[PDB]
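Protein chains in written order, with the deposited numbering: chain A, 428 to 478; chain B, 221 to 736; chain C, 634 to 685; chain D, 325 to 375.
Here's what the structure looks like:
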């Protein structure tokens, strides 16, 4: 009744982070930089799984 | 009513080959979804066929302590590390007491809170694993690592078979109200005991030898191998076949007996942006798997080393555990607001996540320009493999329910920890709805006038951990986790002037050594 | 030096604390540190018997 | 609770106060220093508990 990639709770974020954006937008078209974000129902395909 | 329902049991006890940790925290639980179940999905949103979902939202909350720091203290975590080759869960004792149901009302700015003595809060344990298990996913809302802290109970929500923001017929909708639950008033309580299944000890040790370096550096081998196929002699090239036997001189060519662990190569990323390639390869570059159309990125996948040699500045794009930093944001946030784990004590058995596994032939040499040695970026299996698993961390996960299927492979939770067929069951809690004043004549319409109220109370969790003392005749001292004896304005793992507990950095468990 | 008796094991410290009672929480989860508590105090008697 | 000058005090029957004795001397002993906040020499007097 559940897909391996869809087990997490669709109401709670994760206390884990991951590399969100490596381009860094700001109006300079491109400016490298490193940014991270924590999992969320918003983006499930990028959350850390277990299997 | 006027009598305590339980005491504050929180402490640790060290007993030779066993340690018992007991934690107690104050919790708070608000009414969720206004006593309603709701259908949720990715319908009419940012879309993306790789982020679609279909599930439901329950008015229930749940207790979770799947984080190590919920039980062990920094000091305790240290004692465990510096002195034990391994450890495992054993028994579990859950207590729920001092139920305080508060009733709240507001009017014209005035907000007064009162006690609803004659109110109940429902609790039950899914000890049959009939409900969707959502503790395997490293979510927030667990017991605060700091005892004095107060936390809220996370809301329960599950997902089912979804077809792009649209469910199927074989999808499942569960009602938690269809479960027998124990109702508790202010003078009641709830206890529960659990027994962890038999699982292997966690590797709290680091190998003293590399898989490729086991042989005796003083003795040759009675085995030979093709040494040179060119044959030097002054004719530039003259074919011929020559063999030689292994020797300390050439260890990389000696016949071994085993092979490094599996490998699923990922892209490399430097901490120094100035060293990084341009563009946003976060997605289009990362490694992911394809599951029924919608493909998902791969977090810590195959247990592979983070960085090699000195290059401690590199790390897999999505092959390492990254924890927050108290004040860190949700979307933005730079390096100085995150903590990246360094899987290093694994370079002796497991390959490097960024580099290749090895090289393989691709053709023959029959008058054909040989060879064909091609790089390997994905392996797995092969009789003779030997590898270590991902290390656990103080703020890291603990256990994870092993999916019930026809088969699996080394069911070690990729995020680290223990894989349990029957893990600590989900403990669900819910405030009983108290309808406000009804009409004066019947109305078969669905009631919707409820008295807003919440509840608070304490909760105790006792866990017995079996240790595994170390037995090494290693002469030289060992590597130990220690605090910087140097002068400092802030003491690690404490509180600031504003009163806020912060965890300086993540801590592994592999410091002691053992011969491979 | 201030006078009295020197005890290796003197009368232990007796610590007391009011249990925090969180005020009405939100309607949706927030992993942020809770800070909305109901202000309250406590009073009572205390007896001490000593045989000299 | 207080509001617009109005200050009313009520009973929280369902409330608890925690107590314990450091009988193992694990915590810093601060009774050696002649501090104030002890039991009032006069029985009828009322005192506050030192922090």
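All C-beta atoms, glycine included, are put in the ideal place defined by N, C-alpha and C.
Strictly below 9 angstroms CB to CB, what residues from chain C border residue 346(D)?
On the fourth chain, position 22 is the one that residue 346(D) refers to. The contacting residues are 645, 646, 647, 648.
Between residue 276(B) and residue 257(B), how many whole angstroms is the CB-CB distance? I'm expecting something under 8 angstroms.
The residue labelled residue 276(B) in the question sits at position 56 within the second chain. The residue labelled residue 257(B) in the question sits at position 37 within the second chain. About 6 angstroms; that satisfies the 8 angstroms criterion.
Proximal chain C residues relative to residue 360(D), where beta-carbon distance stays under 7 angstroms:
Translated into the one-based positions of the fourth chain, residue 360(D) becomes position 36. Ordered by position in chain C, no residue passes the 7 angstroms Cβ test against residue 360(D), which lies about 14 angstroms from the chain.
Our contact map puts residue 638(C) next to residue 361(B) with C-beta atoms below 8 angstroms; I'd like the distance itself, whole angstroms only.
Counting from one through the third chain, the residue named residue 638(C) turns up at place 5. Counting from one through the second chain, the residue named residue 361(B) turns up at place 141. With a Cβ gap of about 52 angstroms, residue 638(C) and residue 361(B) do not count as contacting.
Spatial neighbours of residue 411(B) within its chain, please: C-beta separation below 8 angstroms, excluding the five flanking residues on both sides.
As a working mapping, residue 411(B) is identified with position 191 in the second chain. Contacts found: 313, 314, 315, 316.
Out of 438(B), 716(B), 482(B), state which residue places its alpha-carbon closest to the alpha-carbon of residue 468(B).
Your numbering for residue 468(B) matches position 248 in the second chain. When only C-alpha atoms are compared, the closest one is 438(B).
Which residues mark the beginning and the end of the alpha helix (DSSP H) in which residue 501(B) is found?
One-based indexing of the second chain puts residue 501(B) at position 281. Element bounds for residue 501(B): 501 to 504.
What did DSSP end up calling residue 722(B) once you bin it into helix, strand or coil?
Residue mapping note: residue 722(B) aligns to position 502 of the second chain, counting from 1. In the structure shown, residue 722(B) sits in coil (DSSP, three-state: anything other than H, G, I, E or B).
Which whole-angstrom value describes the C-beta separation of residue 656(B) and residue 670(B), a residue pair presumed to lie in contact below a C-beta threshold of 8 angstroms?
As a working mapping, residue 656(B) is identified with position 436 in the second chain. As a working mapping, residue 670(B) is identified with position 450 in the second chain. About 6 angstroms; that satisfies the 8 angstroms criterion.
Any contact between the segment 441 to 450 of chain B and the segment 489 to 509 of chain B? By contact I mean 3 or more CB pairs, one from each, below 8 angstroms.
no
Against chain B, does residue 651(C) count as a neighbour if the rule is that its beta carbon must be under 8 angstroms from one of theirs?
Within the third chain, the letter at position 18 stands for residue 651(C). No - not a single Cβ of chain B is within 8 angstroms of the one on residue 651(C).
Is it the case that the segment 473 to 480 of chain B contacts the segment 592 to 606 of chain B, given that we only count it when at least three CB pairs across the two stretches are under 8 angstroms?
yes
In chain order, what residues of the segment 385 to 419 of chain B put their CB closer than 7 angstroms to some CB of chain D?
406
Just how far apart, CA to CA, sit residue 380(B) and residue 387(B)?
Sequence index remark: in the second chain, residue 380(B) carries index 160 (1-based). Sequence index remark: in the second chain, residue 387(B) carries index 167 (1-based). Cα to Cα, the separation comes out at about 8 angstroms.
8 angstroms Cβ cutoff, residue 454(A) in contact with chain B:
Here the question's residue 454(A) lines up with position 27 in the first chain. Not an interface residue.
contact_flag[the segment 326 to 336 of chain D, the segment 696 to 715 of chain B] where n(CB pairs < 8 angstroms) is 3 or more:
no
Burial state of residue 376(D) (16 or more Cβ within 10 Å):
An answer regarding residue 376(D) cannot be provided, because it is not within the stretch 325 to 375 covered by chain D.
Separation of residue 441(B) from residue 483(B), as counted between CA atoms
Sequence index remark: in the second chain, residue 483(B) carries index 263 (1-based). Sequence index remark: in the second chain, residue 441(B) carries index 221 (1-based). Roughly 30 angstroms between the two C-alpha positions.
What ranges does the beta strand (DSSP E) occupy inside the segment 303 to 390 of chain B, keeping only unbroken runs of at least 3 residues that lie completely in it?
304 to 327, 330 to 335, 341 to 346, 370 to 372, 375 to 379
Using the three-state DSSP reduction, which class does residue 297(B) fall into: helix, strand or coil?
Along the second chain, read from residue 1 onward, the residue named residue 297(B) stands at position 77. In the structure shown, residue 297(B) sits in a helix (DSSP, three-state: H, G or I).
Nearest-angstrom Cα separation, counted from residue 421(B) out to residue 696(B)
Sequence index remark: in the second chain, residue 696(B) carries index 476 (1-based). Sequence index remark: in the second chain, residue 421(B) carries index 201 (1-based). Approximately 25 angstroms, taken between the alpha carbons.
Under three-state DSSP, which class holds residue 557(B)?
Position 337 of the second chain, counting from 1, holds the residue named residue 557(B). If DSSP states are grouped into helix, strand and coil, residue 557(B) belongs with the helices.
State the CB to CB distance for the pair residue 582(B) and residue 243(B), rounded to an integer number of angstroms; the pair is presumed to be in contact (CB under 8 angstroms).
By 1-based counting over the second chain, the position of residue 582(B) is 362. By 1-based counting over the second chain, the position of residue 243(B) is 23. Between residue 243(B) and residue 582(B) the Cβ distance is about 57 angstroms, and since that is not below 8 angstroms, they are no contact.
Secondary structure at residue 628(B), three-state DSSP: helix, strand or coil?
Counting from one through the second chain, the residue named residue 628(B) turns up at place 408. Residue 628(B): coil per DSSP, three-state reduction.
Assess, as a yes-or-no matter, whether the segment 631 to 645 of chain B is touched by the segment 228 to 240 of chain B under the definition of 3 or more beta carbon pairs within less than 8 angstroms.
no
Stretch-stretch touch, CB-based, cutoff 8 angstroms, three pairs: the segment 685 to 699 of chain B with the segment 342 to 362 of chain B:
no
What does residue 654(B) touch in chain C if you count any residue whose Cβ is under 8 angstroms from its own?
Position 434 of the second chain, counted from the start, is the residue given in the question as residue 654(B). In chain order: nothing, as chain C lies at least about 15 angstroms away.
Judging by CA-CA distance, which residue of 284(B), 232(B), 274(B) is the nearest neighbour of residue 649(B)?
Residue mapping note: residue 649(B) aligns to position 429 of the second chain, counting from 1. Answer by Cα proximity: 284(B).
Using 8 angstroms as the threshold, is the segment 399 to 414 of chain B in touch with the segment 331 to 342 of chain B, meaning 3 or more CB pairs across them?
yes
Within 7 angstroms of chain C by C-beta, residues of the segment 326 to 351 of chain B in sequence order
333
What residues match up with residue 404(B) in a beta bridge as DSSP calls it?
Counting from 1 along the second chain, the entry for residue 404(B) is found at position 184. Residue 404(B) pairs with 341(B).
Tell me which same chain residues have a C-beta within less than 7 angstroms of the C-beta of residue 567(B), skipping the five on either side of it?
Your numbering for residue 567(B) matches position 347 in the second chain. Closer than 7 angstroms at Cβ, skipping near neighbours: 525, 528.
Neighbour-count burial assignment, residue 453(A), 16 or more Cβ in a 10 Å radius:
Here residue 453(A) is taken as the residue at index 26 of the first chain, counted from 1. Counting Cβ neighbours within 10 Å, residue 453(A) comes out exposed, since fewer than 16 surround it.
The beta strand (DSSP E) that contains residue 234(B), what's its start and end?
The sequence position of residue 234(B) within the second chain is 14, counting from 1. Element bounds for residue 234(B): 231 to 235.
Helix, strand or coil: how does DSSP classify residue 515(B) here?
As a first step, residue 515(B) must be located in the second chain, where it is residue number 295. In the structure shown, residue 515(B) sits in a strand (DSSP, three-state: E or B).
Beta-carbon neighbours of residue 663(C), restricted to chain B and to distances below 7 angstroms
Locating residue 663(C) in the third chain gives position 30, counting from the first residue. Correct list: 372.
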